[PDB]
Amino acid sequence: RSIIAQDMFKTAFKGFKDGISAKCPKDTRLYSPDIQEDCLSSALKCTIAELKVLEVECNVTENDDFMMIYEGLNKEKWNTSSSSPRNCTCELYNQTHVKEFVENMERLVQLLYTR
């Protein structure tokens, strides 16, 4: 596991998670992927699309943490492999508020480094 990258994601997820809520409409709801073994690659494509959604509806400019999280998600090469990979649709995930969206985003990124 690349400790250098997990450490930047740690700093970036702490600074980004703290300012949000108050930076977004309470009415903002985002699709929040889980860590089901056979859909991690879907789960990552959906986390990325909805970060974009979080962009256009939130006062997140120009967050150093946000564009670190975002560009990190698109360039890092994760092990998204399993016995039986499947496709999952973004809109079939739960919506939730911003605080739990990145929280779940963190948990997913950690899982990916764990393997």
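Just count from 1 along the sequence shown to find any residue number.
In this entry, the higher average B-factor at the C-alpha atoms falls on 53-61, of the pair 79-87 and 53-61. Comparing 103-111 with 5-13, the higher mean C-alpha B-factor in the PDB entry belongs to 5-13.
Of all the options 47, 74, 36, 28, the entry's greatest CA B-factor is assigned to 28. Sort the chain's modelled residues by C-alpha temperature factor and residue 94 lands in the lowest third, per the entry. Per the deposited record, the Cα B-factor of residue 67 falls in the highest third when ranked against the other modelled residues of its chain.
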